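Coming up is one lone chain in structure tokens, specifically the form deposited in one PDB entry.
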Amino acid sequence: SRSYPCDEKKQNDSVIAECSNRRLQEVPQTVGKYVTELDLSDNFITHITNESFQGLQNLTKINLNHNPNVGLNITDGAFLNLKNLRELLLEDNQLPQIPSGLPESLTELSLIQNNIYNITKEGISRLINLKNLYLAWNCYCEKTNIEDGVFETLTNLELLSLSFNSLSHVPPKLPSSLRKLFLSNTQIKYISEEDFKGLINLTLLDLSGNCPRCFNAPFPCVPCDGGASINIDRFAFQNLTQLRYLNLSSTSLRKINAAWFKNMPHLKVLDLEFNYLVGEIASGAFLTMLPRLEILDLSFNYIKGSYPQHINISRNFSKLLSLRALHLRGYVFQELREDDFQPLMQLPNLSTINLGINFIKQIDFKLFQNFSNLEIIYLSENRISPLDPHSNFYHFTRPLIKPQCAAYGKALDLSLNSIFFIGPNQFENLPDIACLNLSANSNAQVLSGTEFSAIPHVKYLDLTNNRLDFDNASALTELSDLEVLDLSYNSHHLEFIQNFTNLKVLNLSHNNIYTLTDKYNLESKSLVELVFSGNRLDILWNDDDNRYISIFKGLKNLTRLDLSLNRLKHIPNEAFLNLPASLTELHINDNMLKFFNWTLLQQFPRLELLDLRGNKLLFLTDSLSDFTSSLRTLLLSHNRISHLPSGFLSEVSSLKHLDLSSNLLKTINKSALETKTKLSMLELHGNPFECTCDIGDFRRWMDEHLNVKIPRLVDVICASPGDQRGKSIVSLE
């Protein structure tokens, strides 16, 4: 009952069949009839007929995106026999028109990135149950021909996306049940009062990219003739009472009419980025019309060729009583004064201030104490000195600060600034900072133990991409509550580490650590994770340089250790035995290990994950079960292992995941797989299998052991013979 070529999974009673990226030329006739969701995306399927989904009555969702993957010929009524089909996805298929004969039961239809120039009633008006319709990126053709009243019959339509299409005008006769109308980059330069007259339940209106302001756009950007903005009429939004999301990004707006928000009391998210609103930020009459706005974005609204001394924030910003996040990137100003941000100081819920990419030379950091609920202060990409069509293209969705850092408390991001050394007054008058980012600052500070005295409760410190000197034993010790220290890519004396009573995670990756002075051991009673990748452990472990045999022995509470990219060819037996006995996860991947003494794994009873990927290992052990009794995951991919030993899949019941992909395995004999096993996953793709009569012994083991899920069966290829080269091992005589 092993599924091929799809990977069947019974996720929450319904069976999902992952059949994507498998070089399938046609729809497989070996998919189980009980499946409900089929994903055949990124394949080379060229034809879709009414005999492609035979016996699949329970199919509710079909994904046929990117077919063929670098058009698709669908016949009329090809999906009509699927009475339970509620979700059809046909993105990037080069379809010349909307497929005729789609089932009435459909609710979610996505025809993004196609050659559809005409929206006719022949293929849409029959779909009365449609709730979500995506028709983006079709005319990006002089204009998209939309039949007058094509969406009128779709009385259940809640989402209509017509973005990235040459529309010129808002389509008339839209259903009153619409909640989300997407019209981004549609060449609609004028908005009339009757364009959204019958849309009283509309909660989202995206009119971005119309008369754009070209600023590093990832798609063609053509500004309006005479530098004109989108012409929104005074009474255009007078009937959108439930509107909560207004996206007016990249619309070249110079003035914001307050009359637009008179009948909009619920507006929650306003996007005014990539416009010319420096004057509107200074005066702002519209600011008094948004009492329930939580997210305001006025990013990249700068005047080209000017670098003002101060940011001009209107007093009316104090009327934004519900404000939670203020995004003010790309304003371009030299100094942030305490009086500049006075209107924002009495807002009860303002937790995020985004001031990235502003070229600010100096900030009066005392002003941040004067805020009530500030949790995130984003100041990245400034000049502070010492002492995918399914994406939001205009607003950054990713968290400004890494959630792991922000979870500790108040976060301040001063990365990518001009702090070439930590000044003596660097952190004076700052709030109780718990998360600090000083990444990529070219900071050549000689840390002595007094630099972070003004903010000593920092629990997460990011000092990556700097030239710091932490050879002093007192370095960073003033941060007694420090739990996460990130020193990656820092261009030795690691005594400072033992002074921390609550340090849990330390990252010393790519520090080029080839020598250690005085205290040759790294001690710590609280450290749980150490990242030592990108260092020179090969130099530290020599025939005469035996001083570093117990380098990580002092880390008695360590559970995760990363020793990758260390150019390790050989690991001394005494050095391996001196690793923390408390280790549960060890990574020695991407090295040049010729040999691995599996006997030494006896002194690690808690070790669950051993990662030896990307190495030159040639042989394994037949008595692996005698050494370990807890190893649940063993990753040995991209190695030179040519033979799997006898009894490898037996007596080691702890092993649930075994990775042996991209190795040199030609065959798996009966004596080697003689289990006299709780292995739920065995990876074997990318091996030069000999698909002759002796491979049938391993094939029989796959039929008897159906619980051992082997992923990527289409990639388990045969090297020999010539007649079976390029085929899967499961497809044999």
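We number the residues from 1 along the sequence you see. Throughout, rigid core stands for the largest set of C-alpha atoms superposing within 1.5 Å between the two forms.
Note that the form deposited with a small molecule bound isn't included here; everything after this is about it.
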Should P399 be counted as a contact of the small molecule in the deposited complex, where contact means heavy atoms within 4.5 Å? yes
Tell me, yes or no, whether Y245 is in contact with the small molecule in the deposited complex, where a contact means a heavy atom of each within 4.5 Å. yes
With a cut-off of 4.5 Å between heavy atoms, is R324 one of the residues that contacts the small molecule in the deposited complex? yes
Using heavy atoms and a 4.5 Å limit, would one call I295 a contact residue for the small molecule in the deposited complex? yes
If we test each of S661, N535, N354, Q187 for a heavy atom within 4.5 Å of the small molecule in the deposited complex, the one that passes is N354
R254, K173, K268, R86 - the one with a heavy atom within 4.5 Å of the small molecule in the deposited complex: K268
Segment that reaches the small molecule in the deposited complex - one of 543-551, 295-303, 610-618, 629-637, heavy atoms within 4.5 Å: 295-303
Rigid-core-referenced C-alpha movement of 2 Å or more between this form and the one not shown, selected from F359, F215, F595, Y276: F215
Your call: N43 and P218 CA atoms, closer or farther in the deposited complex versus the shown structure, by 3 Å or more? farther
Under comparison with the form shown, the C-alpha atoms of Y134 and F219 in the deposited complex shift by 3 angstroms or more, placing them farther
